[PDB]
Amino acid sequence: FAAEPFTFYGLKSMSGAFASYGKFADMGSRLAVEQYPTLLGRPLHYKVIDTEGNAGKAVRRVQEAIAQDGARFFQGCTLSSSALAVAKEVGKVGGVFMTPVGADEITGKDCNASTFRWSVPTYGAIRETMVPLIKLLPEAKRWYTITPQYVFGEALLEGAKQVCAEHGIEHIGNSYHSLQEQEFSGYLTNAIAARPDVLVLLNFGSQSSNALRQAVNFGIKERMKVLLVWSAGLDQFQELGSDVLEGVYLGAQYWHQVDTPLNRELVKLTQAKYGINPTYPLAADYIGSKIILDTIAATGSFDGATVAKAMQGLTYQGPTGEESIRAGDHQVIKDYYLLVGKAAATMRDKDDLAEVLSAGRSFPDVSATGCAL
């Protein structure tokens, strides 16, 4: 007679508009779980929960797993809305939830004892792109933003304005657009009229790809520099290709070419299991899942509250290098990157699409986050 299985739950947007993200995030968790055929002597099972990229669906599926199967350990979500909602449910039963989403609140006003987050949020993304770019481009004084009229976009814009004030450059204007907007010609001509030195795209996902592609086809790169603050890294770069990307400045959470102990391992793993290089969604869920399983293994405990406490202040090898979970706000302290798209001729392989120009840690003091644990 075998031991009772223990189940780890991946919350992934397997269907709907974010199916591609979910596919690779799921691949990431699966790689982590496969490294533990058993965990503390018990067979380790993985169960995917489809959030459908919808907060309501995420909550109901998590609630069912908690009630019916005694679920406690979760990793994933694509959307901040889903993660905020899920965080409350996991928090109520004293489980553990690690997420890659980017809303600042996850580790701020809405933090809880059960919830941890790997990605750098808007505060750091803005600072690790714009600040090093200002250093690279001392004569770039006039900065124009294009922003989705939505909470994540406004947070980025809020940050871009703080940086402009702090560093003596000029925010010369802004164009808002809806999350559904497919047409950017009008906002691009607004930018042209403003005569910027840098066009800053504060949109994200499919929309930023469409915006950037229109900007480039419009002739923008011949007139001014372009920065996409919040890019999806490799998988987005592959879709756009070097003709679009060449010379464009890009912010990202992860880059497969960075030489670190865990990244070397991860690249070998994805090459041997899927025949590809790791992308951001894959890497974020790989590490988020590995931290949880490693800490269960280290503590000898399946108790959520015990594992969560052990994760506070934990230092470990991660995809960006040596990373630590800050105890006070449950934020992973790690690099965010500024890259620039490469010219086709400088590429060594199909994935050699961008060059890292800067990497660094920008995080607020815990006392400024609103997180009170």
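When you see a residue number, it is the position in the sequence shown, counting from 1.
- Mean C-alpha B-factor is higher over 132-140 than over the other stretch, the pair under comparison being 132-140 and 227-235.
- Taking the mean C-alpha B-factor of each stretch as recorded, 332-340 and 56-64 are not equal, and the higher mean is that of 56-64.
- The entry lists C-alpha B-factors for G275, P278, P261, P121, and the highest of these is at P261.
- When the C-alpha B-factors of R127, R72, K109, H256 are read from the PDB record, the largest value belongs to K109.
- When the modelled residues of the chain are ordered by their C-alpha B factor, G28 lands in the lowest third.
- The PDB entry assigns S289 a C-alpha temperature factor belonging to the lowest third of its chain's modelled residues.
- For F18, the recorded CA B-factor ranks within the highest third of the chain. Only modelled residues enter the ranking.
- In this PDB entry, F1 carries a Cα temperature factor that places it within the highest third of its chain's modelled residues.
- Among all modelled residues in its chain, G318 ranks in the lowest third by Cα B-factor.
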